[PDB]
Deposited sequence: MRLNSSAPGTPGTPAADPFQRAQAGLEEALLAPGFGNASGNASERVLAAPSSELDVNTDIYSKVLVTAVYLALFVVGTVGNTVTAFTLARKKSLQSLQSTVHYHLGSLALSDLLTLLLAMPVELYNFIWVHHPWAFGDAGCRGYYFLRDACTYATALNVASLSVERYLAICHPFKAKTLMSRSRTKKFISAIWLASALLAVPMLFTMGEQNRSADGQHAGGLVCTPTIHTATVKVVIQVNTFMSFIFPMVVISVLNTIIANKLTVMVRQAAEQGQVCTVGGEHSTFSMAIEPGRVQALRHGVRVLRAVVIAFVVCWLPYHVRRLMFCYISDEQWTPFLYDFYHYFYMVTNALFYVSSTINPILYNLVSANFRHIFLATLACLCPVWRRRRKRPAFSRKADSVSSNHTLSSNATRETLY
């Protein structure tokens, strides 16, 4: 009956939850004030909203039955599906919002005129609504794949059931493999390429100028424009590589030591994943003073 437990240290749970709460009190407020503060404005607001919902949805529910010591699922069979669907939808929203924000910055800095028509001003609201809809549309498998299962050998214990991939490991593997490319590799490459070319366009300006803060401003601009990609790497790659080590490795290799190591890796990867939610308004403040004025005023 009690074969499905995890032996991660309780003090580790306390530390993880404290860090989670700190990141929450940061992001949940920062992203909301950013959304209120507000073509790039629409993209920034959409990204802030995606981060805000990620923190509001993933962190709390996971904090007890996943990010705590109790293995039995406590949100019900419907919760088994709703939690994962919401998590996947918010992850897609964040990744695609970052990609679209990079695209918008590219258009503004490299195509100043035609961007007015292509962005079509107020139609950027419809564009961000479309990206949110696509994010919600790409996460349907999280509804009918993570359902409650009677996993315990007894089948009637106090924790015999828990939310797990229903389908065979092959289908879980293929769905996760498409998910990683559609949510990490594609946005990652788009962001990296566009940010690199924008940084080149800023460096040519810096060379041409080579002012009191113009040089400093452009230097910090390129610094942050690269730190964005570095933060994407750090915050996102661990999550997807953990999911890969979950889905790809079959029953042959699994051992209690690696089992517990993966469980701790869960805490580490999720902490890194949530760090990205808070990182955004920090960089927004560190970049632009005009935005910082309203942000600190409000």
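Several segments of the deposited sequence are absent from the coordinates, namely 1-50, 89-99, 272-290, 379-418.
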